[PDB]
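Okay, upload-v3.cif now, which holds mmCIF, N, CA and C atoms:
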```
data_coords
#
loop_
_atom_site.label_atom_id
_atom_site.label_comp_id
_atom_site.auth_asym_id
_atom_site.auth_seq_id
_atom_site.Cartn_x
_atom_site.Cartn_y
_atom_site.Cartn_z
N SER A 1 -20.93 -69.53 29.67
CA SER A 1 -19.47 -69.54 29.77
C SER A 1 -19.04 -70.85 30.42
N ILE A 2 -17.89 -71.35 30.07
CA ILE A 2 -17.43 -72.61 30.66
C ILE A 2 -17.16 -72.42 32.15
N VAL A 3 -17.82 -73.17 32.96
CA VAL A 3 -17.56 -73.16 34.40
C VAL A 3 -16.78 -74.44 34.69
N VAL A 4 -15.74 -74.34 35.44
CA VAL A 4 -14.88 -75.51 35.71
C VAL A 4 -14.28 -75.35 37.10
N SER A 5 -13.71 -76.37 37.61
CA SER A 5 -13.04 -76.31 38.91
C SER A 5 -11.94 -77.37 38.88
N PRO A 6 -10.83 -77.14 39.53
CA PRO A 6 -9.72 -78.12 39.52
C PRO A 6 -10.24 -79.51 39.82
N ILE A 7 -9.88 -80.47 39.05
CA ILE A 7 -10.33 -81.85 39.31
C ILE A 7 -9.19 -82.57 40.01
N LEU A 8 -9.44 -83.06 41.16
CA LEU A 8 -8.39 -83.71 41.93
C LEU A 8 -8.64 -85.19 41.88
N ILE A 9 -7.84 -85.87 41.16
CA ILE A 9 -8.03 -87.34 40.94
C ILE A 9 -6.87 -88.06 41.62
N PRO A 10 -7.12 -89.19 42.26
CA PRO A 10 -6.05 -89.96 42.92
C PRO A 10 -5.19 -90.71 41.90
N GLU A 11 -3.90 -90.67 42.03
CA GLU A 11 -3.04 -91.42 41.04
C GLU A 11 -3.24 -92.92 41.24
N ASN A 12 -2.47 -93.72 40.58
CA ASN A 12 -2.51 -95.22 40.77
C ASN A 12 -3.90 -95.84 40.55
N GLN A 13 -4.95 -95.07 40.41
CA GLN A 13 -6.31 -95.67 40.19
C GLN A 13 -6.21 -96.57 38.96
N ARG A 14 -6.70 -97.77 39.01
CA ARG A 14 -6.53 -98.68 37.86
C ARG A 14 -7.83 -98.86 37.11
N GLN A 15 -7.77 -99.66 36.08
CA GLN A 15 -8.96 -99.97 35.24
C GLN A 15 -10.11 -100.48 36.13
N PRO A 16 -11.29 -100.65 35.58
CA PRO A 16 -11.58 -100.37 34.14
C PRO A 16 -11.77 -98.88 33.81
N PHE A 17 -10.96 -98.38 32.93
CA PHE A 17 -11.07 -96.98 32.45
C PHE A 17 -11.54 -97.06 30.99
N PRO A 18 -11.91 -95.96 30.35
CA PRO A 18 -11.92 -94.58 30.94
C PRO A 18 -12.99 -94.40 32.01
N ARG A 19 -12.93 -93.33 32.75
CA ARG A 19 -13.95 -93.06 33.77
C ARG A 19 -14.11 -91.55 33.91
N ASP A 20 -15.32 -91.10 34.12
CA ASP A 20 -15.60 -89.64 34.31
C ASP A 20 -14.99 -89.23 35.63
N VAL A 21 -14.35 -88.12 35.68
CA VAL A 21 -13.80 -87.63 36.97
C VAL A 21 -14.28 -86.20 37.19
N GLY A 22 -15.14 -85.70 36.35
CA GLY A 22 -15.67 -84.33 36.57
C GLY A 22 -16.50 -83.87 35.39
N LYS A 23 -16.94 -82.65 35.40
CA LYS A 23 -17.79 -82.15 34.29
C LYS A 23 -17.49 -80.69 34.01
N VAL A 24 -17.10 -80.39 32.82
CA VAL A 24 -16.99 -78.96 32.43
C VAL A 24 -18.35 -78.62 31.88
N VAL A 25 -18.92 -77.55 32.29
CA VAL A 25 -20.27 -77.21 31.81
C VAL A 25 -20.25 -75.76 31.39
N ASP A 26 -21.03 -75.39 30.43
CA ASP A 26 -21.06 -73.96 30.04
C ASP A 26 -22.32 -73.34 30.56
N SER A 27 -22.23 -72.17 31.06
CA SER A 27 -23.40 -71.52 31.66
C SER A 27 -24.41 -71.11 30.59
N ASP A 28 -23.99 -70.87 29.38
CA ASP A 28 -24.93 -70.32 28.38
C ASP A 28 -24.63 -70.80 26.97
N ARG A 29 -23.49 -71.38 26.72
CA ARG A 29 -23.16 -71.74 25.31
C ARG A 29 -24.24 -72.63 24.70
N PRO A 30 -24.47 -72.45 23.41
CA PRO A 30 -25.52 -73.17 22.64
C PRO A 30 -25.72 -74.60 23.11
N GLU A 31 -26.94 -75.01 23.29
CA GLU A 31 -27.19 -76.41 23.70
C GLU A 31 -26.52 -77.36 22.70
N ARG A 32 -26.23 -76.88 21.53
CA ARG A 32 -25.60 -77.74 20.49
C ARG A 32 -24.10 -77.78 20.72
N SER A 33 -23.58 -76.88 21.49
CA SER A 33 -22.12 -76.81 21.64
C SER A 33 -21.58 -78.09 22.27
N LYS A 34 -20.52 -78.58 21.73
CA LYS A 34 -19.84 -79.75 22.29
C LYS A 34 -18.46 -79.28 22.74
N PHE A 35 -17.94 -79.84 23.77
CA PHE A 35 -16.67 -79.31 24.36
C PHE A 35 -15.44 -80.01 23.83
N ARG A 36 -14.39 -79.27 23.67
CA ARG A 36 -13.07 -79.87 23.31
C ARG A 36 -12.26 -79.93 24.58
N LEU A 37 -11.39 -80.87 24.68
CA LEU A 37 -10.44 -80.92 25.81
C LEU A 37 -9.06 -80.99 25.19
N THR A 38 -8.14 -80.31 25.74
CA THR A 38 -6.78 -80.26 25.14
C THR A 38 -5.79 -80.06 26.29
N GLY A 39 -4.52 -80.15 26.06
CA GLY A 39 -3.55 -79.91 27.18
C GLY A 39 -2.73 -81.16 27.48
N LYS A 40 -1.71 -80.99 28.31
CA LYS A 40 -0.84 -82.14 28.72
C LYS A 40 -1.72 -83.15 29.41
N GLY A 41 -1.92 -84.27 28.82
CA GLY A 41 -2.84 -85.28 29.44
C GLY A 41 -3.97 -85.54 28.47
N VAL A 42 -4.16 -84.65 27.54
CA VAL A 42 -5.22 -84.84 26.54
C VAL A 42 -4.55 -84.96 25.18
N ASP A 43 -4.47 -83.89 24.43
CA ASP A 43 -3.78 -83.94 23.13
C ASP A 43 -2.33 -83.51 23.32
N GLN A 44 -1.97 -83.03 24.46
CA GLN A 44 -0.54 -82.74 24.68
C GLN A 44 -0.01 -83.79 25.61
N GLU A 45 1.20 -84.11 25.46
CA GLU A 45 1.85 -85.16 26.26
C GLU A 45 1.70 -84.83 27.76
N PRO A 46 1.31 -85.79 28.58
CA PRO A 46 1.01 -87.19 28.12
C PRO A 46 -0.30 -87.20 27.32
N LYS A 47 -0.28 -87.74 26.15
CA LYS A 47 -1.48 -87.66 25.29
C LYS A 47 -2.50 -88.73 25.65
N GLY A 48 -3.74 -88.44 25.43
CA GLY A 48 -4.83 -89.44 25.62
C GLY A 48 -4.93 -89.91 27.06
N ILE A 49 -4.76 -89.03 28.00
CA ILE A 49 -4.93 -89.41 29.43
C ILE A 49 -6.31 -88.95 29.86
N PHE A 50 -6.62 -87.75 29.56
CA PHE A 50 -7.96 -87.21 29.93
C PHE A 50 -8.74 -86.92 28.69
N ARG A 51 -10.01 -87.16 28.74
CA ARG A 51 -10.87 -86.84 27.58
C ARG A 51 -12.17 -86.34 28.11
N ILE A 52 -12.66 -85.29 27.58
CA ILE A 52 -13.93 -84.75 28.07
C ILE A 52 -15.05 -85.27 27.18
N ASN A 53 -16.21 -85.42 27.71
CA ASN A 53 -17.34 -85.85 26.86
C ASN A 53 -17.81 -84.63 26.13
N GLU A 54 -17.50 -84.56 24.88
CA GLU A 54 -17.82 -83.35 24.07
C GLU A 54 -19.23 -82.83 24.36
N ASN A 55 -20.17 -83.70 24.60
CA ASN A 55 -21.57 -83.25 24.77
C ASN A 55 -21.91 -83.00 26.23
N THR A 56 -21.50 -83.86 27.08
CA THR A 56 -21.86 -83.71 28.52
C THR A 56 -20.86 -82.79 29.18
N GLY A 57 -19.69 -82.73 28.63
CA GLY A 57 -18.62 -81.93 29.25
C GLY A 57 -18.00 -82.76 30.37
N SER A 58 -18.36 -84.01 30.45
CA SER A 58 -17.80 -84.90 31.49
C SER A 58 -16.32 -85.09 31.25
N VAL A 59 -15.51 -84.72 32.20
CA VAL A 59 -14.05 -84.94 32.06
C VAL A 59 -13.78 -86.37 32.51
N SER A 60 -13.22 -87.17 31.67
CA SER A 60 -12.98 -88.58 32.03
C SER A 60 -11.50 -88.90 31.94
N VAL A 61 -11.04 -89.80 32.76
CA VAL A 61 -9.62 -90.23 32.72
C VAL A 61 -9.60 -91.54 31.92
N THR A 62 -8.54 -91.82 31.23
CA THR A 62 -8.51 -93.03 30.34
C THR A 62 -7.66 -94.16 30.94
N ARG A 63 -6.85 -93.88 31.92
CA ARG A 63 -6.01 -94.96 32.52
C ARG A 63 -5.62 -94.53 33.92
N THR A 64 -4.60 -95.10 34.45
CA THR A 64 -4.15 -94.69 35.79
C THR A 64 -3.32 -93.41 35.67
N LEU A 65 -2.85 -92.90 36.77
CA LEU A 65 -2.03 -91.66 36.74
C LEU A 65 -0.92 -91.78 37.78
N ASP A 66 0.03 -90.90 37.72
CA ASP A 66 1.14 -90.86 38.72
C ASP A 66 1.55 -89.40 38.89
N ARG A 67 1.80 -89.01 40.08
CA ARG A 67 2.10 -87.57 40.39
C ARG A 67 3.53 -87.19 39.97
N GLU A 68 4.35 -88.13 39.62
CA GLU A 68 5.75 -87.81 39.25
C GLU A 68 5.82 -87.55 37.77
N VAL A 69 4.85 -88.01 37.05
CA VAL A 69 4.81 -87.74 35.60
C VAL A 69 4.29 -86.32 35.48
N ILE A 70 3.17 -86.07 36.08
CA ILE A 70 2.57 -84.75 36.12
C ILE A 70 1.84 -84.64 37.44
N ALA A 71 2.00 -83.56 38.12
CA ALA A 71 1.29 -83.35 39.41
C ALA A 71 -0.04 -82.69 39.09
N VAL A 72 -0.07 -81.96 38.02
CA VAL A 72 -1.32 -81.28 37.61
C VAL A 72 -1.42 -81.31 36.09
N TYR A 73 -2.39 -81.99 35.57
CA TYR A 73 -2.60 -81.93 34.12
C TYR A 73 -3.36 -80.67 33.85
N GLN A 74 -2.74 -79.75 33.23
CA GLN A 74 -3.39 -78.47 32.94
C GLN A 74 -4.01 -78.59 31.58
N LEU A 75 -5.25 -78.91 31.54
CA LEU A 75 -5.96 -79.09 30.29
C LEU A 75 -6.56 -77.78 29.89
N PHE A 76 -7.05 -77.74 28.73
CA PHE A 76 -7.71 -76.55 28.20
C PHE A 76 -8.98 -77.01 27.54
N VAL A 77 -10.05 -76.36 27.85
CA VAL A 77 -11.37 -76.76 27.32
C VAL A 77 -11.86 -75.69 26.37
N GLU A 78 -12.63 -76.06 25.40
CA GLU A 78 -13.23 -75.05 24.50
C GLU A 78 -14.63 -75.47 24.16
N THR A 79 -15.53 -74.56 24.07
CA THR A 79 -16.89 -74.92 23.64
C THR A 79 -16.90 -74.82 22.13
N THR A 80 -17.35 -75.82 21.49
CA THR A 80 -17.38 -75.82 20.01
C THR A 80 -18.78 -76.05 19.54
N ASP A 81 -19.12 -75.53 18.41
CA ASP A 81 -20.49 -75.75 17.90
C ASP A 81 -20.48 -76.96 17.00
N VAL A 82 -21.62 -77.43 16.62
CA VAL A 82 -21.67 -78.55 15.65
C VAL A 82 -20.94 -78.09 14.37
N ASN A 83 -20.71 -76.81 14.26
CA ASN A 83 -19.97 -76.26 13.10
C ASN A 83 -18.49 -76.50 13.34
N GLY A 84 -18.17 -77.00 14.50
CA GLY A 84 -16.75 -77.28 14.84
C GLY A 84 -16.06 -76.00 15.23
N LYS A 85 -16.74 -74.90 15.12
CA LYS A 85 -16.12 -73.63 15.50
C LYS A 85 -16.07 -73.55 16.99
N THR A 86 -15.11 -72.86 17.50
CA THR A 86 -15.01 -72.66 18.95
C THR A 86 -15.76 -71.39 19.29
N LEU A 87 -16.76 -71.49 20.10
CA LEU A 87 -17.54 -70.29 20.45
C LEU A 87 -16.97 -69.73 21.74
N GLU A 88 -16.45 -70.59 22.58
CA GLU A 88 -15.84 -70.14 23.88
C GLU A 88 -14.52 -70.87 24.07
N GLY A 89 -13.74 -70.48 25.04
CA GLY A 89 -12.44 -71.15 25.26
C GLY A 89 -11.44 -70.62 24.22
N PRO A 90 -10.23 -71.10 24.24
CA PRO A 90 -9.78 -72.14 25.21
C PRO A 90 -9.76 -71.63 26.65
N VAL A 91 -10.39 -72.32 27.52
CA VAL A 91 -10.34 -72.01 28.95
C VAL A 91 -9.43 -73.07 29.56
N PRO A 92 -8.91 -72.86 30.72
CA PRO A 92 -8.04 -73.85 31.38
C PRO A 92 -8.80 -74.76 32.34
N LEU A 93 -8.32 -75.93 32.51
CA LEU A 93 -8.90 -76.90 33.47
C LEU A 93 -7.72 -77.64 34.10
N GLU A 94 -7.67 -77.73 35.38
CA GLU A 94 -6.51 -78.40 36.03
C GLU A 94 -6.95 -79.70 36.65
N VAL A 95 -6.25 -80.74 36.37
CA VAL A 95 -6.52 -82.03 37.01
C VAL A 95 -5.32 -82.32 37.93
N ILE A 96 -5.51 -82.31 39.21
CA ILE A 96 -4.38 -82.57 40.14
C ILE A 96 -4.39 -84.04 40.54
N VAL A 97 -3.23 -84.62 40.66
CA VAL A 97 -3.12 -86.06 41.02
C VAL A 97 -3.01 -86.20 42.54
N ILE A 98 -4.08 -86.45 43.20
CA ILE A 98 -4.04 -86.61 44.69
C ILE A 98 -3.62 -88.03 45.05
N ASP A 99 -3.38 -88.29 46.30
CA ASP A 99 -3.01 -89.66 46.74
C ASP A 99 -4.26 -90.35 47.26
N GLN A 100 -4.14 -91.57 47.59
CA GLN A 100 -5.23 -92.34 48.19
C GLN A 100 -4.63 -93.13 49.35
N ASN A 101 -4.89 -92.74 50.56
CA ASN A 101 -4.20 -93.40 51.72
C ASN A 101 -2.69 -93.33 51.43
N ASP A 102 -2.24 -92.16 51.04
CA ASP A 102 -0.81 -91.94 50.65
C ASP A 102 -0.38 -92.99 49.64
N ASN A 103 -0.77 -92.84 48.41
CA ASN A 103 -0.30 -93.79 47.38
C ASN A 103 1.17 -93.56 47.20
N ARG A 104 1.52 -92.34 46.98
CA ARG A 104 2.93 -91.95 46.85
C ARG A 104 3.01 -90.46 47.16
N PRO A 105 3.07 -90.10 48.43
CA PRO A 105 3.12 -88.68 48.89
C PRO A 105 4.22 -87.86 48.19
#
```

Any chance you could give the structure as structure tokens?
Amino acid sequence: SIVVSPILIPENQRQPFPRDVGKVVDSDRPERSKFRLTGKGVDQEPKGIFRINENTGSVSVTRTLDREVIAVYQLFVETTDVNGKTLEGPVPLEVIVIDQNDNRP
């Protein structure tokens, strides 16, 4: 089953992106299963902000972030087989935009 935990990433972080900021992993889904990531920040606006590594389940950010655009990107993950079928999910994944030495409290 997809195991996940809120990913708290600091806003304003700059390039070079993309960069892994976490890992969604499945406890038992087929070793062939590759993960989908979806939600505001992925395929929902803001689009193309977060992308998970379909195979590793590594959640990666593609650019900087700001807490006023979204305080929490609520993504949704799904385990998919090489058949493209979803065997698990959609499960939710939350990416919260934390500050860094108070970037913008």

Using the chain letters and numbers from the file, give me the residues hit by the PyMOL selection byres ((chain A and resi 60) around 5), as a CSV table (one decimal) with N, CA and C atoms, in the coordinates of the input.
```csv
chain,number,residue,atom,x,y,z
A,19,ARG,N,-12.9,-93.3,32.8
A,19,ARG,CA,-14.0,-93.1,33.8
A,19,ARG,C,-14.1,-91.6,33.9
A,20,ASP,N,-15.3,-91.1,34.1
A,20,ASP,CA,-15.6,-89.6,34.3
A,20,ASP,C,-15.0,-89.2,35.6
A,21,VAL,N,-14.4,-88.1,35.7
A,21,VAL,CA,-13.8,-87.6,37.0
A,21,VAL,C,-14.3,-86.2,37.2
A,50,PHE,N,-6.6,-87.8,29.6
A,50,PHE,CA,-8.0,-87.2,29.9
A,50,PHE,C,-8.7,-86.9,28.7
A,51,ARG,N,-10.0,-87.2,28.7
A,51,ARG,CA,-10.9,-86.8,27.6
A,51,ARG,C,-12.2,-86.3,28.1
A,52,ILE,N,-12.7,-85.3,27.6
A,52,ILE,CA,-13.9,-84.8,28.1
A,52,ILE,C,-15.0,-85.3,27.2
A,58,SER,N,-18.4,-84.0,30.4
A,58,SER,CA,-17.8,-84.9,31.5
A,58,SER,C,-16.3,-85.1,31.2
A,59,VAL,N,-15.5,-84.7,32.2
A,59,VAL,CA,-14.0,-84.9,32.1
A,59,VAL,C,-13.8,-86.4,32.5
A,61,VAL,N,-11.0,-89.8,32.8
A,61,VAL,CA,-9.6,-90.2,32.7
A,61,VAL,C,-9.6,-91.5,31.9
A,62,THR,N,-8.5,-91.8,31.2
A,62,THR,CA,-8.5,-93.0,30.3
A,62,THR,C,-7.7,-94.2,30.9
```

Looking at A:100, A:55, A:86, A:64, which one is nearest to residue 15 (chain A), with distances taken over only C-alpha atoms?
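Closest to residue 15 (chain A) of all the choices is A:64.
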
Selection near residue 38 (chain A), 6 Å with only N, CA and C atoms, sequence-local residues under 2 positions removed, as a ChimeraX atom specification
/A:36,40,42-44,74-77

Selection to disk with N, CA and C atoms, as a PDB file, keeping the file's coordinate frame:
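The resulting file, part_30.pdb, is shown below:
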```pdb
ATOM      1  N   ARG A  36     -14.390 -79.270  23.670  1.00  0.00           N
ATOM      2  CA  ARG A  36     -13.070 -79.870  23.310  1.00  0.00           C
ATOM      3  C   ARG A  36     -12.260 -79.930  24.580  1.00  0.00           C
ATOM      4  N   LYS A  40      -1.710 -80.990  28.310  1.00  0.00           N
ATOM      5  CA  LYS A  40      -0.840 -82.140  28.720  1.00  0.00           C
ATOM      6  C   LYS A  40      -1.720 -83.150  29.410  1.00  0.00           C
ATOM      7  N   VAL A  42      -4.160 -84.650  27.540  1.00  0.00           N
ATOM      8  CA  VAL A  42      -5.220 -84.840  26.540  1.00  0.00           C
ATOM      9  C   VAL A  42      -4.550 -84.960  25.180  1.00  0.00           C
ATOM     10  N   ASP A  43      -4.470 -83.890  24.430  1.00  0.00           N
ATOM     11  CA  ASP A  43      -3.780 -83.940  23.130  1.00  0.00           C
ATOM     12  C   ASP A  43      -2.330 -83.510  23.320  1.00  0.00           C
ATOM     13  N   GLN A  44      -1.970 -83.030  24.460  1.00  0.00           N
ATOM     14  CA  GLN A  44      -0.540 -82.740  24.680  1.00  0.00           C
ATOM     15  C   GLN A  44      -0.010 -83.790  25.610  1.00  0.00           C
ATOM     16  N   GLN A  74      -2.740 -79.750  33.230  1.00  0.00           N
ATOM     17  CA  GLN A  74      -3.390 -78.470  32.940  1.00  0.00           C
ATOM     18  C   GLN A  74      -4.010 -78.590  31.580  1.00  0.00           C
ATOM     19  N   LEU A  75      -5.250 -78.910  31.540  1.00  0.00           N
ATOM     20  CA  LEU A  75      -5.960 -79.090  30.290  1.00  0.00           C
ATOM     21  C   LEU A  75      -6.560 -77.780  29.890  1.00  0.00           C
ATOM     22  N   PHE A  76      -7.050 -77.740  28.730  1.00  0.00           N
ATOM     23  CA  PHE A  76      -7.710 -76.550  28.200  1.00  0.00           C
ATOM     24  C   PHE A  76      -8.980 -77.010  27.540  1.00  0.00           C
ATOM     25  N   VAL A  77     -10.050 -76.360  27.850  1.00  0.00           N
ATOM     26  CA  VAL A  77     -11.370 -76.760  27.320  1.00  0.00           C
ATOM     27  C   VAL A  77     -11.860 -75.690  26.370  1.00  0.00           C
TER      28      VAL A  77
END
```

Run DSSP on the backbone of this structure and report the residues of region 13-99 of chain A it assigns to strand (DSSP E or B), as a PyMOL selection string.
chain A and resi 19-23+25-26+34-40+44+50-52+58-61+72-80+86-98

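Matched in the shown structure by the PyMOL selection byres ((chain A and resi 12) around 8): residues 9, 10, 11, 13, 14, 15, 63, 64, 65, 66, 67, 97, 98, 99, 100, 103 and 104 of chain A.
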
Expressed in Å to a single decimal, how great is the separation between CA of residue 18 (chain A) and CA of residue 41 (chain A)?
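Here the two named atoms are 13.1 Å from each other.
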